[PDB]
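See below for the structure under consideration.
Every chain is named by a letter (A, B, C, D, E, F, G, H and I) in the order it is written, and numbering of its residues begins at 1.
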Amino acid sequence: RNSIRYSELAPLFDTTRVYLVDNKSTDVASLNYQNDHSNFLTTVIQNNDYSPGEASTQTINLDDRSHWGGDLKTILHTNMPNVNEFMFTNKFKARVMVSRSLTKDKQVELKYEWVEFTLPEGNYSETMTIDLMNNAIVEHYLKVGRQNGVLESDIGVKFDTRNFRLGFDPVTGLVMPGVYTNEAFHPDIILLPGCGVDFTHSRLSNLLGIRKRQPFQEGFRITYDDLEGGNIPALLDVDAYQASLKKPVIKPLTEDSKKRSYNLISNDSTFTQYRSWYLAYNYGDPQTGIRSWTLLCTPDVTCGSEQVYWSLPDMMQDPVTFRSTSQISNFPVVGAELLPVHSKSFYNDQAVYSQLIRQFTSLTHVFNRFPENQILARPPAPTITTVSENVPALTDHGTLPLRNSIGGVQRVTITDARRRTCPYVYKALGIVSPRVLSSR
Amino acid sequence: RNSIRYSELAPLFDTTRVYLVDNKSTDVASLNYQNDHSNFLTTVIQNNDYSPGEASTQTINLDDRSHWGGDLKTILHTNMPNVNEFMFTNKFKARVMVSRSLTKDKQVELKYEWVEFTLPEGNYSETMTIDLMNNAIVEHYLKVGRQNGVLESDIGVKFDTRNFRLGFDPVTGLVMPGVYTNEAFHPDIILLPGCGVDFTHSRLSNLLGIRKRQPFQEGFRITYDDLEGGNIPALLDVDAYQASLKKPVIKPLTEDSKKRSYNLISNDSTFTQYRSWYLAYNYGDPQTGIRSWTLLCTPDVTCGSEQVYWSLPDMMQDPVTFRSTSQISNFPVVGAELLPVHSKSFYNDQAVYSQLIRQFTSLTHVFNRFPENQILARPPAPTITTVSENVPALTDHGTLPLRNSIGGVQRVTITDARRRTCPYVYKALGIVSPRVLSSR
Amino acid sequence: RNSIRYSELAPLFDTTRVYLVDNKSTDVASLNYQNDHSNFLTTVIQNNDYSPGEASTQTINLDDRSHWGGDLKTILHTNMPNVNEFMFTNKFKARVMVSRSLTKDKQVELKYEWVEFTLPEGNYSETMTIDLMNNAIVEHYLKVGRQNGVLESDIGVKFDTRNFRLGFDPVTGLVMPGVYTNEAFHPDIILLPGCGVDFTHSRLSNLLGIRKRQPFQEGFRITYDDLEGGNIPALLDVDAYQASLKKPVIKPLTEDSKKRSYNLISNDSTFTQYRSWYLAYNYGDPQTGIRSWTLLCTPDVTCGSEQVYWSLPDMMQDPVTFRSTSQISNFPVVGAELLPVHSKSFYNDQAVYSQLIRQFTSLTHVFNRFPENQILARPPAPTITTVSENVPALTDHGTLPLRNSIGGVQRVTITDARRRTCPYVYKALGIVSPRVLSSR
Amino acid sequence: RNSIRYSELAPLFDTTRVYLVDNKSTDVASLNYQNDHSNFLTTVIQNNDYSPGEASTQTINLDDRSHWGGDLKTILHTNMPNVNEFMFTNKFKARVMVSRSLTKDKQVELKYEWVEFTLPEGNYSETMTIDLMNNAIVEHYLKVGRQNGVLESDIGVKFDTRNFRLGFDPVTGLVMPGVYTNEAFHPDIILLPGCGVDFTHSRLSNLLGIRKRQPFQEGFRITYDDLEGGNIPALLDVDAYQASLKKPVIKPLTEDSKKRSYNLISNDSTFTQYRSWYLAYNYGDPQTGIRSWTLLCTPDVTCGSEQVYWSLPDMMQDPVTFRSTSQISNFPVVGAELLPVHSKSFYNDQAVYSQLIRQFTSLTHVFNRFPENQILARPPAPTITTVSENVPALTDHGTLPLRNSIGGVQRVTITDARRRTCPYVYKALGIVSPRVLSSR
Amino acid sequence: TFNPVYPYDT
Amino acid sequence: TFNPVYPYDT
Amino acid sequence: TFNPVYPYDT
Amino acid sequence: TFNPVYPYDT
Amino acid sequence: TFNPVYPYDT
């Protein structure tokens, strides 16, 4: 009526457990080899005698007269890096200045080009991720920039995280303090005329916390031109003003120590040519600015909760509309589950008291190369850093229909959103508990 | 009896799984486009052949002879900012002084007006949120105040967080220490004669931790006049008293460095014209004061746990009393769930040892502009800051009735309390597992 | 057989969902007004047409031929303060000295009296709560003590948190170090002859971590007399002893800077008149001391996990023995749940290195007024502070019986242990899913 | 029909509870003795009379006419060390230099050999674990290295955690800063010519966060030869260059204080003979380098979530294909569960500001023995340390078939992946609740 | 003869 | 007569 | 004329 | 000629 | 000849 028979052993009734597990010493040796914990074979047999493979011949038979089903809970555990190549978090296109030249007697010829910089897999934490990006912009300048004109003064594109506009005085037209108040509010990207960044093929966008208000329109390009209204205002010549006590004030600090120009639009304007995203969003025209088509969001280092799909092709019936095949990247799905990664949050009031000390701690100002320029400076570390953290996930799918004849060797397969094994799985295993559902 | 048929594939029995998911490469391209993760279409088909849309023609049929239902668990993930425009946490009305004038020979003409200040989306943490508010009060004074008389001495409205009354001596009538003990206890709002604040259209109220004891009476206005009994007492002239060793004591420090007046009611009284909410609450008449109609509550940065409602118009039967429609903002609801945001709490004994150091860390005293005035000073950072943090929510709704003919394309929709898509959704997807419930 | 009918809409079968929610824009306007999130009305109707109230006329009918029941999960969220009046954590009676007088030629007349001090709602954290208490003892002395004789030297009652007995030498009879080792172990309360404290009407007791071994005997009074054996030993005259190198030693420091007496019992004894609870507990007679009827327990700031009861008078059948009534404070109960408050624990090795720095951070020694007296000093901050933290609670009650005719307007009510609405509820809402249970 | 009888007591019906527990005072005395909490006996009897053993005679009988099953939830609690011998985390083979000699007139004879170093069980935290490893490399050099030639200059194999390549200038061919930027990015292992490490028999590999892209091919050997492309570049002679202001630059610092050679390949090249894994991975040929067959992963101190299997040989029926035996290491399995260990993550910006202070805190530079050599230096402590933490696990297995005659003494057994008791179990106990499933 | 009850010195 | 509203001294 | 792009002074 | 392998200076 | 067992110096 509801048996469960196996080769030659006492028949069992009503229910039991078949175990899908990678570890088994025997099968690892033989079976999987060129496989990994995301696409492997395993014997469900569990009987000490019998050579695996020869096991493959045997079968667990759930009484034929009834349609069976089984509860499937699984234990999935990864250890995927915040920033890696497979997830698309190690690359990102941006347009920078390539050459600054003296041409055809009087012309200033500026040549800009798009280029894709890559990051060294792993390096978690958001802030640091920013830094690694800024550094990659530089590392490039080091291989092309300088040796083709282009000064530091005109480095296009830099990810910062502050509100260049806190000091700002509605009359002066300047950041009175003479310094862009060094506190971190949200990541944003700053651009110089003519350049900009593109994330079309990168989840890092999600790390900065900047998304399109219309996601499905593939094409994340944020040009200098887009950051309308909201160019970082200029600094008051704190020195002049004070010493001068008319009043100098109108004097908008044009350079800095080591004399770098703050590219001011004209000898008059209080504004600089440096455009900030964060500004355009909440300080620019809400109806036509950038706030119109992009959204200011919480960072999230994981870069985006993605899901993984399970499949047990040789043991569960194929769900409603999937068709059975043998193409690993199209197997039927039997369970979906978010990919095991969380955002742990911490507190480091030590940030920026630490950037200050961190710089001495790290024997180099590698990230802060321009410790004077109020722009190109090293963005403030925000209190509350986030870090992707891997965690085992004791998930639980529902009862799923089973085949009344379970093969000795079952194939287990965890796929990702785009349907492809996921290299970062360290442990995957599931427990199935069959039971009756109705009869034929 | 209980089949589950699809186009031309083997019939399935008893149960299975239909998946509602946004990601699918095909549909994103075609279908949604002008949509977002809170109002999108998706094919439930999952069959590799067939052009989406042409998929739309097909249908999953749950045996007609029985009434089906399906378990619906979902995975929702947002990343909404502590302070943003859509949630109503970036604005707040307050009444400040606009002009101080010398008029009609002997009259002192004070003109006050209401005005709505806005904040720059994002900027989490409660303390800092306070600061951003205080700053907005200022930023306004900078554009209207000064250039119309009104000194700093008479800046109306400032959010602080301390107990101006710890030093207080029941005889002296003064805060003996000569300083308002610089420790943070709870946010409160201080007012000058004639002004005050209004939160009628803002959840920030909930951030300060001040609520009406009768919520539903739309209208949160807290006037200076309301803060009866409980005007910040004055400071002992620590210098005079000591040097003088009758005893000066009665001397209540009238100004401070850079000479700002502490607006004392009269040449006699030990009290200042500055009224504090926090005082009125626990130091004023309990029967008629403010403690009568407002409640001192725990802060909470999220500004208020709000819920979101799901709806699968084309797949579930319409719950008891909802009527079926096509107006996105009235679809039937099938599941309610709190909007994925928590209050992580941290410890920063570094607060106020940090405000002290934070000021040097941040190259500007932007928030502390009046580092002498014991009132207008920068509120102490409280130990234990809170920060809204986004978290994926693996929720689980119950079994819901299904239509016996599930369309190829289902429409998914997450709405908010007021019934409107929620821009801050990054990932939404659900798994439905149909099963029999009874027969016709 | 198992329908579910509504006015004039297609009948639904087997199950569905009725939603109890406060937010609804319509009902808030009309219905509740003078109510709050703990006692409100709401329409279950959910049909866009129909004026609420007129909605009230309609009804959801669960087929009559069967007894129905519904699963009731709810979402409760508060934000109640650690210390507030409603929970009984803002008051506490203690007996202090009122007057010290020179009488009838040679008599020293000491007059003691009981008095109830109150705290300013909110002020979380345990340590700080202690401080606020000690401060209230003082604040009183400031209004009565001094101006009636009584010196600081003889201030009765002070909550501390250290083991006055670590230095102690079994021979010397003194705390050799000349200082009561400044580390925090557990809160305790110290008393002078004749005085003491009473918590009979306060949960703060639970905050100090001192409970009766026989709870139900209403009456928590802890007299000086009770703290038998275990009077804080005295300090070695570190100065004398050393400089003197017989050996002075026997010299038990009688005062301190600013000359305050350590009330030593006699010119001989090494013990002081100051009695400590913590001492009596583990250093006094275990059979007759205080350890006999009180228990040393873990602090816990929440002051005591209390529960709240739900009630849906107009929608669920009245549970076994409750009788139906209309007295809000006796409605039948359908679900119990702990009141949403947890004890988050942190680490601040910064404690006492911070009290040391905290005192400079806070521009006043408001809490440490007697920085010399080894007793009246400011208790050490313990590493590991606790803080009540509010958290949304996604609870789940079981299936409960329903009435076969659900009214258009249901009344929701969350009560507390003593049966009274709870002002601190910000959000309450529940989802009910009816389903058959048997037939008539 | 569905009774449950016992010796001579009233029959019980439908269900009840049998308890499997180790603690019992009686049985511990007699029964187990030479056993442990992972392989013990226990009486299910629970009847105060009757000598255990004599209890063993009795039996709980579940009505014979029906096939029973029981829900089995268990409470498992361990306390296994991050690094211990049983889990294979205290050993690890590496190949180091043994002897440096002057031979046969002009030959430099280098003799290398493999050797297995062990660690002192316990010592959690990842960083520190690294250190303990590096130290073991040294401790060996101390017993063989020096006393056979080989200088410190040529110590093969050292686990570090930084990106020797941040300073790097694409033109100079040197790390301009003159210092390998002291910040931690990911663990990696550095090798000198001729040597290397092997983890074939160790999970520490998983601690470093370096795994094979093809796990099942037993054999983790990472030779110097493998770390192709990606030898730590050399340092700029910061001193020369500066003082010299042609420009020296080309000068690649050959030694350091205490004169140790940085083994530069030739008098010309800017590269050193030191090869870094981390470099090869993301800086070397992606198609043939190491990134081809190894994967950069998140650390994880637990070394690898392993599972444990339960078995109640004398109480549950043997699951599908297991055969009943008496060989403790082959008992049938009835439940699988991950071994109770998690990765708690913390923040210590104090790292490397602490290594700096930690060295003075620890009265010895035991781990930093070569505080000058930019390589052999002590790796930077990474912000965010991980620590294996033991946690009780309230797991829940499903209903499992039972024998209709439960013996007085049941045998409980928790096994591990390889099938062997696990010494680290402190508490194991389960609750079984039988109930009917069908009849015979 | 008034005790401010506050150590002004330090 | 212009208030920068900023304590430049400190 | 070579920019090391690094503030060696500090 | 014995290397203690320990920087005693600092 | 009494050991206070306490390093008073430091």
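Everything below uses one rule, namely that a contact is a pair of C-beta atoms (placed from the backbone, for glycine too) under 8 Å apart; a residue touches a chain by one contact, two chains touch by 3 or more.
Traced through touching neighbours, the fewest hops from subunit B to subunit G number 2. Against reference pair A-G, the listed pairs D-H, D-G or A-F yield one interface repeat, D-H (criterion: more than half of contact pairs the same by residue number). In this assembly, the C-alpha centroid of subunit A lies 61 Å from the C-alpha centroid of subunit I. Put simply, the C-alpha centre of subunit B and that of subunit D have 44 angstrom between them.
Among the residues of subunit A, those in touch with two or more other chains are 142, 169, 177, 346-347, 350, 365. Listed for subunit G are residues 6, each touching two or more other chains. Across the complex, subunit G meets subunit A through its residues 3, 5-7, 10. Residue ranges on subunit C touching subunit B, taken from their complex, read 1-2, 4, 6, 9, 12-19, 21, 23, 25, 28, 32-37, 40, 44-48, 60, 71, 75, 77, 79-81, 84, 90, 118, 120-125, 135, 139, 142-143, 147, 344, 346-348, 350-351, 354, 357-358, 361-366, 385, 387-392, 394, 423-424, 426-427, 429, 431, 433. Note for the complex: subunit B touches subunit E at residues 167, 169, 172, 176-177, 238, 242, 247, 249.
Of all the residues in subunit A, the ones that touch subunit G in their complex are 138, 141-142, 146, 152, 258, 365, 369-372.
Contacts from subunit B toward subunit C in the complex involve residues 67, 69, 163, 166-167, 169-171, 177, 179-183, 185-186, 206, 209, 211, 213-218, 278, 281-283, 295-300, 304-307, 317-323, 330, 333-336, 338, 342-343, 345-347, 349-350, 352-353, 356, 380, 383-384, 398-401, 417-418, 437-438.
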